[PDB]
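Below is one structure, written out as structure tokens; comments come after it.
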Amino acid sequence: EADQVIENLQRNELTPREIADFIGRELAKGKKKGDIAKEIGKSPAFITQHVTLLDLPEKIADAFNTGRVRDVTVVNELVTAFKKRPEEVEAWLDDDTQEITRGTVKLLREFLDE
Amino acid sequence: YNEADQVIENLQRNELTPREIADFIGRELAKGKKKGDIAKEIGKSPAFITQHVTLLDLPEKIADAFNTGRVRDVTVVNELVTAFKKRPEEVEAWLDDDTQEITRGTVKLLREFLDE
DNA sequence: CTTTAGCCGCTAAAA
DNA sequence: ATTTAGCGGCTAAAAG
């Protein structure tokens, strides 16, 4: 350990959250994001995408935990948007009929920028 | 050391080229297995089977685009072949121009132009 | 050493 | 038992 972890990962047997948790433990040991990327054979962006999952704003976390959003990239785009305009993002999410895709999130961010 | 168990493993390690997966599907087809069953034995979709069987018999000019790394997107290959079956010379010409950028956006435009 | 833009893998549902 | 439609992983390049 964490060889089995890195191995399991390179065998794609891991969820996004498991990968995020592994990353969190490596950070807590003092490793840098960039060196974690190299030890698991992935990009720096892959590290950013998963670290985000460790500390989601509550509304986004609930959307992700219920399977209402399953696209990690979309989770990241919602968190980015949320950091700038949190009230409006929550309100967008608060409509339960609002379909969540890369497209609808792009329209949301184009509207908020604007 | 069984072939299909290995293919499953090497699949999940992303260590098989499209050509290797296609080759394995062809070997299963020649042993009399049905596409839909080959999908189930490797835990992939029937569509995945289609996409790869296509690579076993590519028209020469699409095969060149692929073998030469000019198109690496297996889906785009399949889209090129589909367009080609319908309107061969028009697809060949479009490919014969080596300036042509090849993406899904660009293939999609070609097909829109063709279907009218 | 995190964001945007986007290719590409894949399969759900459709044809 | 193919094809279209489009979601979703992973990242090069652009931005910081």
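Here is the naming used below: chain letters follow the sequence lines, and residue numbers restart at 1 for every chain. All heavy atoms count here, side chains included; hydrogens, waters and symmetry mates do not.
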Checklist entry - To the nearest Å, how far apart are B:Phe84 CZ and D:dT2 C1'? => result 18 Å

Next on the checklist: Distance check, rounded to the nearest 0.5 Å: A:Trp92 atom CH2 versus A:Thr104 atom OG1?
Outcome noted: 4.0 Å

Checklist outcome for this item: Residue pair B:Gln51/B:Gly36 against DNA chain D: nearer the 5' end by closest nucleotide is B:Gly36

Next on the checklist: Under 3.5 Å, is there a donor on one side chain and an acceptor on the other for B:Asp97 and B:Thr99?
Outcome noted: no

Next on the checklist: Just to be sure I understand the geometry, which residues of residues 86-112 of chain B put a non-hydrogen atom under 4.0 Å away from DNA chain D?
Outcome noted: B:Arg104, B:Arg111

Checklist entry - Now, which nucleotide makes the Watson-Crick or G-U wobble pair with D:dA15, with each of the two distances under 3.5 Å? => result none

Next on the checklist: Just so I know, are the side chains of A:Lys31 and A:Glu39 near enough to count as touching, which here means a heavy-atom distance under 4.5 Å?
Outcome noted: yes

Checklist outcome for this item: Taken to the nearest whole Å, CG/B:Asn14 to P/D:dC10 is 8 Å

Checklist entry - Any side-chain heavy atom of A:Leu112 sitting closer than 4.5 Å to one from A:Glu88? => result yes

Checklist entry - C:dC10, C:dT4, D:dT3: which one has an atom nearest the side-chain heavy atoms of B:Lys44? => result C:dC10

Next on the checklist: Classify B:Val74 by what it touches in the nucleic acid, base, sugar-phosphate, or nothing, heavy-atom distance under 4.0 Å.
Outcome noted: sugar-phosphate

Checklist outcome for this item: Between A:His50 and A:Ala20 the two heavy atoms that sit nearest each other are O-CB, 3.1 Å

Item to check | Nucleotide of D:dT2, D:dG9, C:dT2 approaching A:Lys33 most closely (side-chain heavy atoms) | outcome: C:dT2

Checklist entry - What's the CG-P distance between A:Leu112 and C:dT4, to the nearest Å? => result 12 Å

Checklist entry - How many Å lie between CZ on A:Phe46 and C1' on D:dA12, as a whole number? => result 16 Å

Checklist entry - Among C:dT2, D:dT4, C:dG9, which is the nearest nucleotide to the side chain of A:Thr48? => result C:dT2

Item to check | Between A:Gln4 and A:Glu1: side-chain donor-acceptor atoms closer than 3.5 Å | outcome: no

Checklist outcome for this item: A:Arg70 CZ to C:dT11 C1', in whole Å, measures 15 Å

Checklist outcome for this item: Of C:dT3, D:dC10, C:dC8, the nucleotide closest to the side chain of B:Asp73 is C:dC8

Checklist entry - Could you give the CG-to-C1' distance, from B:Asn78 to D:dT2, as a whole number of Å? => result 10 Å

Next on the checklist: Looking only at side-chain N and O atoms, does A:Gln49 offer a donor or acceptor that is under 3.5 Å from a partner on A:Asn76?
Outcome noted: no

Checklist entry - Side chain of A:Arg70, backbone of A:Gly67: donor and acceptor closer than 3.5 Å? => result yes

Checklist outcome for this item: To the nearest angstrom, the CD-P distance between B:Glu79 and D:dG6 comes to 13 Å

Next on the checklist: Mind checking if A:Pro44 touches a base, just sugar-phosphate, or nothing, with heavy atoms under 4.0 Å?
Outcome noted: base

Checklist entry - Between atom CG in A:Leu9 and atom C1' in D:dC10, what is the gap in whole Å? => result 12 Å

Checklist outcome for this item: Closest to the side chain of B:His52, out of C:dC10, C:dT4, D:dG8, is C:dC10

Checklist entry - Does B:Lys34 or B:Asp115 map to a spot on DNA chain D nearer the 5' end, using the closest nucleotide for each? => result B:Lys34

